[PDB]
Each structure stands twice: as C-alpha cells, then as structure tokens.
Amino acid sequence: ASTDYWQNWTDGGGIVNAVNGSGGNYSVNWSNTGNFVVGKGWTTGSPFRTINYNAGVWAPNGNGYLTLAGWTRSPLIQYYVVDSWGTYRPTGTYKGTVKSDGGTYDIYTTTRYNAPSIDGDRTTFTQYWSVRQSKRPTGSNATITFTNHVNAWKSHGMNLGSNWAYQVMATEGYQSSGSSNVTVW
C-alpha cells in the first residue's frame, strides 16, 4: 500500500519548514530547532511491513536521525530503525544486534519521562531502537524489512503493544539545522 500518513510535528523551537510533496516524497529544511519529527508512511503500522525509501538529500548539521519511527499503544511504545544520523548516534541500554537489509544494527531500550508522545505533551513511555552500526549510504533505493527488527526485539524481551499507530520514514531532529529530501513507499 502506498503512503497515507503525513507526519509533521515540532515542539515549536526554531524553524521546521516541511513540504508534503507528491506521492511519497517530502522535504524538510530546518534551523536551530528544538525537537521535531517529519515524515511519510502509514496511519496504521504493521509488524510485517517492508518500508522502501530513497533519501535523495541527507544533510543534517547537528543531531538529526533518518529513521523509521512509529508507535503502538497498549502499551505505549515508540520504536525506531535508525539508518543514518548527524552528530549523534542514539544509544541506550544495550540488548543485542540484528542483521537486516545489508546492515547490522545494535538494539537498545530507553525510557522517556514527561515527554511528548501520541498521547500527550507530558507522558512516560519506553522506546525500542535498532540503530545501524554505521551510517547507511543514501541516495539509492533502500529497504527496511521491519519484521526482522520486530522478531529480534521480541527475542530480547521487547514486545510491542497491540494497537498500532503511525509508522513513517522520518527526519527527526533536536538542537540542529539541516536539509532532507526523502521518498517513501
């Protein structure tokens, strides 16, 4: 299924100029920001989805992630499959590794307290991460075979909730400027 969801959230810090392009394409040009997440994908995520993308521009200046991002409820969990980043490689409690789509990813868990989520501005939730051990080349078609991540997570005691919310291929940034241009399908 082609994309049906446009994610465009900023906490209000700095400038986040997001463009909802044709089909699965979008761009972001951002300046001196707080936290934001822009991307395209699906209203209802699936553990079985294969996400395709092509980042024709990946140019963070500071902390930016080029990442699958999505949520479940019951329980409320944020997950990531981070393919590239800027000045900061996100880490947490180390769980293990998974190989998928030509890369090796470290698996991490973190917790957020009093943080923004799909449920409110001040919420507490767990985050599940796969973070590639090196930045993935950009500019060619790429796949994220999410099932591989879900299955590895499960094997390390990281179960997702039962009620699936959005699932996008995102540009997330914090305290940074940059440019990105990504097509998702």
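Don't overthink the numbering: it's just position in the shown sequence, from 1.
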**Study point:** Mean C-alpha temperature factor, higher of 44-52 and 58-66
**Key:** 44-52
Review point. Once you work out the mean C-alpha B-factor for both 137-145 and 30-38 from the entry, which is higher?
Key: 137-145
**Study point:** Chain-relative CA temperature factor third for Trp9
**Key:** middle
Exercise for review: Please rank the C-alpha B-factors of the chain's modelled residues and tell me whether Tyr80 sits in the lowest, middle or highest third.
Suggested key: lowest
Review point. Hey, what third does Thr87 fall into on Cα B-factor, ranked over its chain?
Key: lowest
Point to revise | Position of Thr111 among the chain's modelled residues by C-alpha B-factor, lowest, middle or highest third | key: highest
Practice item. Could you say whether, by C-alpha temperature factor, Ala1 belongs to the lowest, middle or highest third of its chain? Key: highest
